[PDB]
Number of protein chains: 4
Amino acid sequence: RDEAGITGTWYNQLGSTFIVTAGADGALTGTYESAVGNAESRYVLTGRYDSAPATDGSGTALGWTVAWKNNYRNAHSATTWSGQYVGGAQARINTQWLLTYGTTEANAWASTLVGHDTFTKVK
Amino acid sequence: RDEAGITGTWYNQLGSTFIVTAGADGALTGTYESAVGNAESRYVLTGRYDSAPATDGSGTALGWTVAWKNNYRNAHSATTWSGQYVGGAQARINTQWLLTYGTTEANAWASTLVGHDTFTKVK
Amino acid sequence: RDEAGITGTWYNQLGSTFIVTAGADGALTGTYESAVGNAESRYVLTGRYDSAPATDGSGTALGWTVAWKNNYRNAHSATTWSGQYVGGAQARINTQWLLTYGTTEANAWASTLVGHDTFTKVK
Amino acid sequence: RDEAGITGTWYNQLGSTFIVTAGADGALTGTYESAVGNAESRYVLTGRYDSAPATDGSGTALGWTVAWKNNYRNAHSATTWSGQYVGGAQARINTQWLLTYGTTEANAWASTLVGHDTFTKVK
């Protein structure tokens, strides 16, 4: 039961800010602000997490999406982060991500960036 | 404006079924049923898509998450698909995905599978 | 023992041409010619494969790299394909790949594309 | 020209040891010893790097493969790392990797793990 452990404000290694609420039902809702790329201000996110994780010391699996459209800009792209929450004194969300841009069929080979973000509760 | 083009029932190459509604606001909601893996019946999904895509022939970026917990089972894992919708006679959603399982810190190197799913409106 | 099954000329879905020799010792050597991207003519490749695969119907794991420098151009990038060879009437190499471009530290978040290529012995 | 900067012994965050020689011609040769997984002792590697990188502060793209067969064991798998070398006082190779295991056609959806390794010249 990591609803309280997940909910809150998280920061990654780029200085991006992830503001999330975890629902009792497994939902993730909030906003993402990227420190880099074709982005400004906050963007909607949604996602899901395992609301009944294993009790053996394993992390808590979760994921979320941002489409990079808001009232300021549209980067015609979406990122998905997939990862796990690891609780404790220095809690962390360890993620890998896929960023797809909309492309023509001819350029679709080149549509998707992959990377990895680690989030902490301290900047 | 691909709200009508996205909304509906989609099937991938594995015979999985993706049932989605696209909101005017960029939301994706629905259910996923996997034909493979530690899964049975339907699981909640949510996600986002570019509600104002480019008009140059590019695809429509989107993503969504499933956490693999429902009333039947809990696979302590989450998958994120990231991709684009390509409209037309044979419409398609072309995706890559990341499946993270909850692990101990010692096994976290091995936590994440990557793959690729192509969805069609016909089985 | 898939040395004879791997060695030869392969083509992917983009119309790229992969010319490989598999060594008894697990080596892969040859040349790659991409139909797309910042590339022309042939580039050196090397890689490795499992020279003693399982006999249970499993595929044969393998991988290879291309750095995108030759006498014509230098795209300051390297792609790695990781996958498996599946023997038989319609033999295939099913791969996923990572293409890293050299970046400054500020842009390294955006350095790596991911995709998937399927190779056949017929175009 | 990073031939001297790449050649040598590198260690990642898992305590794996990567011993590589960079050739003037773009080759990478050496041995890999994993601290984790179905592995013991050293395994052959080969790969490629950009021997004429940009002079603007960008990193040096490179990649390499290991098939996880040696005289001790065979894990019927191959990993490819794709990344860049970043020179200087605290030199680093920043990589993402794809590990494919040989599978039956029914389980091929689950064949490939993805992760990220950072190598340093100090443990």
# chains A, B, ... in the order shown; residues from 1 in each chain; ligands from 1

call {"tool": "residues_around", "arguments": {"residues": "residue A:93", "least_positions_apart": "3", "cutoff": "10 Å", "atoms": "only C-alpha atoms", "output": "PyMOL selection string"}}
result
chain A and resi 6+10-12+59-62+82-87+117-121

call {"tool": "write_last_selection", "arguments": {"atoms": "C-alpha atoms", "output": "compact mmCIF listing (two decimals), in the first residue's frame"}}
result
# COMPACT_ATOMS: atom_id res chain seq x y z
CA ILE A 6 3.77 7.89 -4.21
CA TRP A 10 9.00 14.40 -7.45
CA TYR A 11 12.03 15.68 -9.29
CA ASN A 12 14.28 13.91 -11.78
CA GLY A 59 9.38 -2.35 -5.72
CA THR A 60 5.91 -1.14 -6.82
CA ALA A 61 5.34 -1.17 -10.59
CA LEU A 62 3.83 1.89 -12.22
CA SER A 82 7.48 2.67 -16.96
CA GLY A 83 9.15 1.84 -13.70
CA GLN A 84 8.95 1.08 -10.03
CA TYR A 85 8.63 2.99 -6.77
CA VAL A 86 11.15 2.00 -4.09
CA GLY A 87 10.07 3.25 -0.65
CA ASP A 117 14.77 8.99 -15.45
CA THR A 118 15.27 8.60 -11.73
CA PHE A 119 12.90 10.61 -9.49
CA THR A 120 13.48 11.67 -5.92
CA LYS A 121 11.46 13.61 -3.42

call {"tool": "closest_atom_pairs", "arguments": {"of": "chain A", "to": "chain C", "cutoff": "6 Å", "atoms": "only C-alpha atoms", "output": "CSV"}}
result
residue,atom,partner,partner_atom,distance
A:112,CA,C:113,CA,5.5
A:113,CA,C:113,CA,4.2
A:114,CA,C:112,CA,5.9

call {"tool": "select_by_dssp", "arguments": {"residues": "stretch 8-100 of chain A", "states": "strand (DSSP E)", "output": "ChimeraX atom specification"}}
result
/A:8-11,17-22,27-33,43-49,60-69,74-86,92-100

call {"tool": "atom_distance", "arguments": {"atom1": "atom CA of residue A:15", "atom2": "atom CA of residue A:78"}}
result
18.9 Å

call {"tool": "residues_around", "arguments": {"residues": "stretch 23-26 of chain A", "least_positions_apart": "2", "cutoff": "8 Å", "atoms": "only C-alpha atoms", "output": "number ranges by chain"}}
result
A: 3, 21, 28, 48-51; B: 67

call {"tool": "atom_distance", "arguments": {"atom1": "atom CA of residue A:31", "atom2": "atom CA of residue B:42"}}
result
26.8 Å

call {"tool": "select_by_dssp", "arguments": {"residues": "chain C", "states": "alpha helix (DSSP H)", "output": "mmCIF file with C-alpha atoms, in the first residue's frame"}}
result
data_model
loop_
_atom_site.group_PDB
_atom_site.id
_atom_site.type_symbol
_atom_site.label_atom_id
_atom_site.label_comp_id
_atom_site.auth_asym_id
_atom_site.auth_seq_id
_atom_site.Cartn_x
_atom_site.Cartn_y
_atom_site.Cartn_z
ATOM 1 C CA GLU C 3 26.362 -21.033 -38.730
ATOM 2 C CA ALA C 4 25.135 -21.941 -42.266
ATOM 3 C CA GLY C 5 21.594 -20.636 -41.497
ATOM 4 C CA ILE C 6 22.864 -17.146 -40.452
#

call {"tool": "atom_distance", "arguments": {"atom1": "atom CA of residue A:47", "atom2": "atom CA of residue A:32"}}
result
12.0 Å

call {"tool": "residues_around", "arguments": {"residues": "residue A:54", "least_positions_apart": "2", "cutoff": "12 Å", "atoms": "only C-alpha atoms", "output": "PyMOL selection string"}}
result
(chain A and resi 1-2+50-52+56-61+86) or (chain B and resi 69+74-77+101-104)

call {"tool": "closest_residue", "arguments": {"among": "D:29, D:80, D:90, D:41", "to": "residue D:123", "atoms": "only C-alpha atoms"}}
result
D:90

call {"tool": "decode", "arguments": {"residues": "stretch 93-122 of chain C", "atoms": "N, CA, C and O atoms", "output": "PDB file, in the first residue's frame"}}
result
ATOM      1  N   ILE C  93      15.447 -13.064 -38.920  1.00  0.00           N
ATOM      2  CA  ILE C  93      16.125 -12.530 -37.717  1.00  0.00           C
ATOM      3  C   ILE C  93      15.192 -11.431 -37.220  1.00  0.00           C
ATOM      4  O   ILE C  93      14.993 -10.363 -37.894  1.00  0.00           O
ATOM      5  N   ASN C  94      14.680 -11.570 -35.992  1.00  0.00           N
ATOM      6  CA  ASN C  94      13.766 -10.593 -35.341  1.00  0.00           C
ATOM      7  C   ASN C  94      14.625  -9.810 -34.362  1.00  0.00           C
ATOM      8  O   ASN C  94      15.205 -10.357 -33.476  1.00  0.00           O
ATOM      9  N   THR C  95      14.678  -8.506 -34.566  1.00  0.00           N
ATOM     10  CA  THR C  95      15.521  -7.649 -33.759  1.00  0.00           C
ATOM     11  C   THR C  95      14.817  -6.427 -33.160  1.00  0.00           C
ATOM     12  O   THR C  95      13.757  -5.926 -33.640  1.00  0.00           O
ATOM     13  N   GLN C  96      15.368  -5.959 -32.062  1.00  0.00           N
ATOM     14  CA  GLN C  96      15.142  -4.605 -31.611  1.00  0.00           C
ATOM     15  C   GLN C  96      16.503  -3.879 -31.676  1.00  0.00           C
ATOM     16  O   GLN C  96      17.580  -4.506 -31.608  1.00  0.00           O
ATOM     17  N   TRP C  97      16.465  -2.541 -31.857  1.00  0.00           N
ATOM     18  CA  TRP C  97      17.729  -1.821 -31.977  1.00  0.00           C
ATOM     19  C   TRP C  97      17.764  -0.537 -31.220  1.00  0.00           C
ATOM     20  O   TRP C  97      16.718   0.042 -30.888  1.00  0.00           O
ATOM     21  N   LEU C  98      18.970  -0.097 -30.893  1.00  0.00           N
ATOM     22  CA  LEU C  98      19.236   1.173 -30.177  1.00  0.00           C
ATOM     23  C   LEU C  98      20.198   1.980 -31.043  1.00  0.00           C
ATOM     24  O   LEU C  98      21.306   1.458 -31.291  1.00  0.00           O
ATOM     25  N   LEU C  99      19.850   3.176 -31.462  1.00  0.00           N
ATOM     26  CA  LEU C  99      20.737   4.042 -32.254  1.00  0.00           C
ATOM     27  C   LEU C  99      21.149   5.242 -31.380  1.00  0.00           C
ATOM     28  O   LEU C  99      20.299   6.016 -30.991  1.00  0.00           O
ATOM     29  N   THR C 100      22.406   5.342 -30.972  1.00  0.00           N
ATOM     30  CA  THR C 100      22.856   6.456 -30.129  1.00  0.00           C
ATOM     31  C   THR C 100      23.613   7.437 -31.050  1.00  0.00           C
ATOM     32  O   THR C 100      24.522   6.974 -31.791  1.00  0.00           O
ATOM     33  N   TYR C 101      23.315   8.755 -30.957  1.00  0.00           N
ATOM     34  CA  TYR C 101      24.071   9.780 -31.625  1.00  0.00           C
ATOM     35  C   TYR C 101      24.948  10.439 -30.597  1.00  0.00           C
ATOM     36  O   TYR C 101      24.514  10.649 -29.441  1.00  0.00           O
ATOM     37  N   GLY C 102      26.150  10.858 -30.975  1.00  0.00           N
ATOM     38  CA  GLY C 102      26.941  11.670 -30.044  1.00  0.00           C
ATOM     39  C   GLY C 102      26.344  13.042 -29.741  1.00  0.00           C
ATOM     40  O   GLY C 102      25.988  13.818 -30.643  1.00  0.00           O
ATOM     41  N   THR C 103      26.153  13.358 -28.499  1.00  0.00           N
ATOM     42  CA  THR C 103      25.522  14.590 -28.073  1.00  0.00           C
ATOM     43  C   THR C 103      26.392  15.321 -27.044  1.00  0.00           C
ATOM     44  O   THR C 103      27.265  14.748 -26.415  1.00  0.00           O
ATOM     45  N   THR C 104      26.101  16.619 -26.864  1.00  0.00           N
ATOM     46  CA  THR C 104      26.582  17.293 -25.655  1.00  0.00           C
ATOM     47  C   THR C 104      25.891  16.741 -24.404  1.00  0.00           C
ATOM     48  O   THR C 104      24.834  16.105 -24.475  1.00  0.00           O
ATOM     49  N   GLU C 105      26.478  16.992 -23.238  1.00  0.00           N
ATOM     50  CA  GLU C 105      25.875  16.566 -21.998  1.00  0.00           C
ATOM     51  C   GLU C 105      24.433  17.146 -21.861  1.00  0.00           C
ATOM     52  O   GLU C 105      23.540  16.422 -21.490  1.00  0.00           O
ATOM     53  N   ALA C 106      24.203  18.410 -22.248  1.00  0.00           N
ATOM     54  CA  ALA C 106      22.864  19.032 -22.183  1.00  0.00           C
ATOM     55  C   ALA C 106      21.756  18.321 -23.006  1.00  0.00           C
ATOM     56  O   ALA C 106      20.610  18.306 -22.581  1.00  0.00           O
ATOM     57  N   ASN C 107      22.129  17.661 -24.109  1.00  0.00           N
ATOM     58  CA  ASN C 107      21.192  17.005 -24.994  1.00  0.00           C
ATOM     59  C   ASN C 107      21.222  15.468 -24.897  1.00  0.00           C
ATOM     60  O   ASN C 107      20.597  14.817 -25.674  1.00  0.00           O
ATOM     61  N   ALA C 108      21.974  14.927 -24.002  1.00  0.00           N
ATOM     62  CA  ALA C 108      22.105  13.485 -23.874  1.00  0.00           C
ATOM     63  C   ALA C 108      20.833  12.766 -23.552  1.00  0.00           C
ATOM     64  O   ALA C 108      20.682  11.578 -23.885  1.00  0.00           O
ATOM     65  N   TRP C 109      19.872  13.440 -22.922  1.00  0.00           N
ATOM     66  CA  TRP C 109      18.549  12.857 -22.700  1.00  0.00           C
ATOM     67  C   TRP C 109      17.905  12.357 -24.001  1.00  0.00           C
ATOM     68  O   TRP C 109      17.107  11.374 -24.006  1.00  0.00           O
ATOM     69  N   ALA C 110      18.254  13.048 -25.107  1.00  0.00           N
ATOM     70  CA  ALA C 110      17.668  12.839 -26.433  1.00  0.00           C
ATOM     71  C   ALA C 110      18.591  12.056 -27.371  1.00  0.00           C
ATOM     72  O   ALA C 110      18.472  12.188 -28.606  1.00  0.00           O
ATOM     73  N   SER C 111      19.558  11.334 -26.844  1.00  0.00           N
ATOM     74  CA  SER C 111      20.596  10.739 -27.680  1.00  0.00           C
ATOM     75  C   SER C 111      20.224   9.448 -28.377  1.00  0.00           C
ATOM     76  O   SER C 111      20.951   9.029 -29.360  1.00  0.00           O
ATOM     77  N   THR C 112      19.170   8.743 -27.939  1.00  0.00           N
ATOM     78  CA  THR C 112      19.033   7.369 -28.341  1.00  0.00           C
ATOM     79  C   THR C 112      17.620   7.089 -28.881  1.00  0.00           C
ATOM     80  O   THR C 112      16.622   7.299 -28.196  1.00  0.00           O
ATOM     81  N   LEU C 113      17.573   6.624 -30.130  1.00  0.00           N
ATOM     82  CA  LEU C 113      16.361   6.126 -30.802  1.00  0.00           C
ATOM     83  C   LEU C 113      16.278   4.583 -30.567  1.00  0.00           C
ATOM     84  O   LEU C 113      17.320   3.867 -30.439  1.00  0.00           O
ATOM     85  N   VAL C 114      15.052   4.083 -30.515  1.00  0.00           N
ATOM     86  CA  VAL C 114      14.816   2.632 -30.375  1.00  0.00           C
ATOM     87  C   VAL C 114      13.800   2.275 -31.459  1.00  0.00           C
ATOM     88  O   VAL C 114      12.891   3.045 -31.840  1.00  0.00           O
ATOM     89  N   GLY C 115      14.023   1.091 -32.019  1.00  0.00           N
ATOM     90  CA  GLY C 115      13.157   0.530 -32.980  1.00  0.00           C
ATOM     91  C   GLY C 115      13.279  -0.957 -33.118  1.00  0.00           C
ATOM     92  O   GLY C 115      13.819  -1.661 -32.273  1.00  0.00           O
ATOM     93  N   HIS C 116      12.650  -1.467 -34.202  1.00  0.00           N
ATOM     94  CA  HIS C 116      12.608  -2.918 -34.375  1.00  0.00           C
ATOM     95  C   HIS C 116      12.664  -3.226 -35.879  1.00  0.00           C
ATOM     96  O   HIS C 116      11.906  -2.578 -36.646  1.00  0.00           O
ATOM     97  N   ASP C 117      13.537  -4.161 -36.250  1.00  0.00           N
ATOM     98  CA  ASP C 117      13.763  -4.575 -37.653  1.00  0.00           C
ATOM     99  C   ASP C 117      13.561  -6.043 -37.752  1.00  0.00           C
ATOM    100  O   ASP C 117      14.054  -6.850 -36.954  1.00  0.00           O
ATOM    101  N   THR C 118      12.841  -6.517 -38.813  1.00  0.00           N
ATOM    102  CA  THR C 118      12.752  -7.924 -39.071  1.00  0.00           C
ATOM    103  C   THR C 118      13.427  -8.195 -40.423  1.00  0.00           C
ATOM    104  O   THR C 118      13.163  -7.484 -41.386  1.00  0.00           O
ATOM    105  N   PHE C 119      14.377  -9.100 -40.368  1.00  0.00           N
ATOM    106  CA  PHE C 119      15.175  -9.510 -41.569  1.00  0.00           C
ATOM    107  C   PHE C 119      14.731 -10.828 -42.097  1.00  0.00           C
ATOM    108  O   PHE C 119      14.502 -11.800 -41.346  1.00  0.00           O
ATOM    109  N   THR C 120      14.691 -10.856 -43.443  1.00  0.00           N
ATOM    110  CA  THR C 120      14.389 -12.086 -44.202  1.00  0.00           C
ATOM    111  C   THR C 120      15.444 -12.292 -45.211  1.00  0.00           C
ATOM    112  O   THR C 120      16.116 -11.368 -45.624  1.00  0.00           O
ATOM    113  N   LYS C 121      15.531 -13.529 -45.675  1.00  0.00           N
ATOM    114  CA  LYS C 121      16.428 -13.872 -46.802  1.00  0.00           C
ATOM    115  C   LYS C 121      15.892 -13.476 -48.173  1.00  0.00           C
ATOM    116  O   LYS C 121      16.653 -13.487 -49.118  1.00  0.00           O
ATOM    117  N   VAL C 122      14.605 -13.136 -48.298  1.00  0.00           N
ATOM    118  CA  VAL C 122      14.011 -12.603 -49.533  1.00  0.00           C
ATOM    119  C   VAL C 122      13.654 -11.118 -49.312  1.00  0.00           C
ATOM    120  O   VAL C 122      13.234 -10.767 -48.213  1.00  0.00           O
TER     121      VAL C 122
END
